[PDB]
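Below you will find one chain, with nothing else, as structure tokens; this is the form deposited in one PDB entry, and questions on how it binds or moves follow later.
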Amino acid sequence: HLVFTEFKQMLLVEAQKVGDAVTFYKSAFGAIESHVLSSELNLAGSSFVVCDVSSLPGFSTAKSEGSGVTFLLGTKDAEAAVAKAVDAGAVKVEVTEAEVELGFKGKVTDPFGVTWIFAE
């Protein structure tokens, strides 16, 4: 019986970006914060960890130009969520008819190459 003492999802960022990142996440979503340079951020009662890729030996880049990093957020107002994020630097992506069928009413990409879709 092998067990794991914890499971975290690591959002890699380019060199010296962990700070621009929290900065952007604290703003666009209201995330709450908390060798390897990293910062744990909290949204909806769960967390992720933004990590500086240059501070993780073994890795070469954050793949920010084409990462498959995708998060889902639930809220009561997806339009107001997109607009808040865009005023903070995110780019609104039109939600396909398809995404609207799964209730995914809003969607944006951020400066770190992550894709966030709002599920209402």
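For the two forms, the rigid core is made up of the largest set of C-alpha atoms that agree within 1.5 Å on superposition. One rule holds for the numbers: they count along the sequence shown, beginning at 1. Residues that one form lacks are left out of the comparison.
Below, we turn to the form deposited in another entry, even though it does not appear here.
Please name the one residue from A62, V69, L41, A78 with a C-alpha displacement of 2 Å or more between this form and the one not shown, using the rigid core for the superposition. With the rigid core superposed, the residue that stands out is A62.
Out of closer and farther, which fits the Cα atoms of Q9 and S64 in the other entry compared with this form, where the change is 3 Å or more? Farther is correct, given that in the other entry the C-alpha spacing of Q9 to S64 is increased by at least 3 Å.
Once you compare with this form, do the C-alpha atoms of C51 and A62 lie closer or farther in the other entry, given a change of 3 Å or more? It is farther: in the other entry, the C-alpha atoms of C51 and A62 lie at least 3 Å more apart than they do here.
Just list the residue ranges, at least 3 long, where Cα displacement is 2 Å or more throughout between this form and the one not shown after aligning on the core. Core-superposed, displaced stretches are 57-65, 96-98.
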